[PDB]
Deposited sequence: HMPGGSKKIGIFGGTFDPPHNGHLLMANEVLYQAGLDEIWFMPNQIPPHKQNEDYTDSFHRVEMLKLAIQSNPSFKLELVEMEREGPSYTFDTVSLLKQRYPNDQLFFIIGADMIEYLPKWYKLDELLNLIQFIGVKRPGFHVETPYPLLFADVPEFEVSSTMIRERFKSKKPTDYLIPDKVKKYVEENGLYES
């Protein structure tokens, strides 16, 4: 019924590069929704709140907090397996860099995962990801912004305009984050 694009990350904090990549994959892979799935380290409520603010304006974007759950999964196989059990009627896709598995030799563990859920490999306009694997590709325009660059900019008091949503910036300032 629904084509869901699983989009993982730290989103510490979420930024324009995240929104851009998600929208491009959404359109290019003909998906219905993109689920922003924040990972967890064994703070979080701040990441959850900045994410909600970042995605608000895009009806096609959702927040998936399965990894935040008590005794929740963290390994992709487990996380994807649970989501498949919760949404058996939907078609799930997993987003990765198109080059993540380019240099790997034949590996059953990888194949098991690739057969569990349809992988979408993100790459820059043009460019070829050789190595044969079941993969849907999505060309996304390069936008060199990262959560780490953003954090240091806040710390060093450098501008963040056009790199992060205004609402995210406002939330960061009000909560004394990345000081």
Seminar exercise, completed: The answer, as deposited-sequence ranges with no C-alpha, is 1-5, 48-56, 194
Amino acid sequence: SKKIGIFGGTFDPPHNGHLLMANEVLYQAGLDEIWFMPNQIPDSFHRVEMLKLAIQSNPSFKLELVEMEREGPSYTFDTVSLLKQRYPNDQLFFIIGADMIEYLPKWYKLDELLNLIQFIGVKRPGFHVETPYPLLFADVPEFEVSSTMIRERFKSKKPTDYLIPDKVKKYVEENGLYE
From here on, numbers count along this sequence of modelled residues.
Exercise. Between 82-90 and 97-105, which has the higher average C-alpha B-factor in the PDB entry?
Worked result: 82-90
Seminar exercise, completed: Comparing 54-62 with 123-131, the higher average Cα temperature factor in the PDB entry belongs to 123-131
Exercise. Out of 49, 144, 152, 111, which shows the largest CA B-factor listed in the entry?
Worked result: 111
Problem set entry | Position of residue 136 among the chain's modelled residues by C-alpha B-factor, lowest, middle or highest third | highest
Exercise. Residue 116's Cα B-factor: lowest, middle or highest third of the chain?
Worked result: highest
For this session: Determine, from the deposited record, the chain-internal third of the Cα B-factor for residue 26: lowest, middle or highest.
Result: middle
